[PDB]
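Breakdown of the fold
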Amino acid sequence: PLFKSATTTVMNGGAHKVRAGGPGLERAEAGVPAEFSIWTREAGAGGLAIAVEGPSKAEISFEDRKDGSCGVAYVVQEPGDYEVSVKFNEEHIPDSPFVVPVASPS
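Residues numbered from 1 in each chain as written, not as in the entry; some residues may be left out. Heavy atoms only, no water.

The deposited coordinates derive from solution NMR.

In the nomenclature of the PDB entry, the chain corresponds to C-terminal peptide of Integrin beta-2,Filamin-A IG21 domain from the organism Homo sapiens. Its PDB record names the entry "Structure of FLN IG21 domain in complex with C-terminal peptide of beta-2".

Considering the overall build of the chain
A tally of regular secondary structure across the chain gives one helix and nine strands. Each helix and strand of the chain, ordered N terminal to C terminal, gives the series β-β-α-β-β-β-β-β-β-β. For 106 residues, the compact-globule formula gives about 13 Å, and the C-alpha radius of gyration of the chain, at 13 Å, lands near that figure. Dimensions of the chain, computed from C-alpha atoms along their principal axes, come out at roughly 40 × 30 × 20 Å. By residue count, 41% of the 106 residues in the chain fall in the buried class. Carbon together with sulfur atoms contributes 49% to the accessible area of the chain, which is approximately 6,000 Å² in total. Across the chain, the centroid of the 9 positively charged side chains sits 4 Å from that of the 15 negatively charged ones. (Helix = DSSP H or I, 4+ residues; strand = E, 2+ residues; numbered from the N terminus. Rg over C-alpha atoms; globule rule 2.2 N^0.38 Å. Buried < 20%, exposed > 50% of the residue type's maximum accessible area, 1.4 Å probe, protein only. Areas by Shrake-Rupley, 256 points an atom, 1.4 Å probe, with all protein chains shown as cover. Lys, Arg positive; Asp, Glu negative; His and termini not counted. Charge placed at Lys NZ, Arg CZ, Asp CG, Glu CD.)

A closer look at the sheet that holds strand β2 (residues 19-21)
Ordered in space as β2-β4-β7-β6, the four strands form an open sheet in which the pairing is antiparallel. Looking at the sheet topology across the chains shown, the edges are occupied by β2 and β6 (58-64). Adjacent strand axes in the sheet meet at a mean angle of 25° when their direction is disregarded. Pairing analysis gives seven bridges linking β6 to strand β7 (residues 70-76), with the strands arranged antiparallel. Its bridge partner lying in β7, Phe62 is registered against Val72. (Pairing = 2+ DSSP bridges. Axes fitted to C-alpha atoms, helices over the stretch in contact; angles between N-to-C directions.)

A closer look at the side chain of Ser85
Note on placement: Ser85 falls in strand β8 (residues 80-88). Of the residues examined, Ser85 reaches a relative accessible area of 9% and is grouped as buried. Not counting chain neighbours up to four residues away, the residues in contact with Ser85 comprise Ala49, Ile50, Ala51, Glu53, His92, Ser96 and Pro97. (Contact = heavy atoms within 4.5 Å.)

What about the pattern of salt bridges?
A complete count under the given rule lists three salt bridges for this structure. Here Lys87 and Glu90 are joined by a salt bridge, their closest N and O atoms 2.6 Å apart. For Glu90, a relative accessible area of 60% translates into the label exposed. (Salt bridge = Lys/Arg side-chain N within 4 Å of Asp/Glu carboxyl O.)

Examining unusual backbone geometry
Of note, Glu90 is a non-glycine position whose phi angle comes to about 75°, a positive value. Mapped onto the elements of the fold, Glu90 is located in the loop between β8 and β9 (98-103). One non-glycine residue, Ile93, lies in the positive phi region at around 35°. You can see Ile93 is positioned in the loop between β8 and β9. A relative accessible area of 12% places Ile93 in the buried class.

Here it is, written out as structure tokens:
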């Protein structure tokens, strides 16, 4: 039940200063890597933990960025609502449990 795919990646003012957004957190396509970005400007780095909870398996891929920005892309194997629970340095951030409506690309 839930926690279909999760990832804890260390990042090399607090979690309340960290908010997540991007296409990947507003909509997702079944069988497509939905990429979202986490606002880690005023944070101080630490550890980015992400758990994708949904009806089916999700493919979480983590890619780094030269500026030191965060970019996470996850697929979904089947359409539905997906609640991505994030944690920055063990903190669930303000409003992490983002439910992303995954729909069929077709």
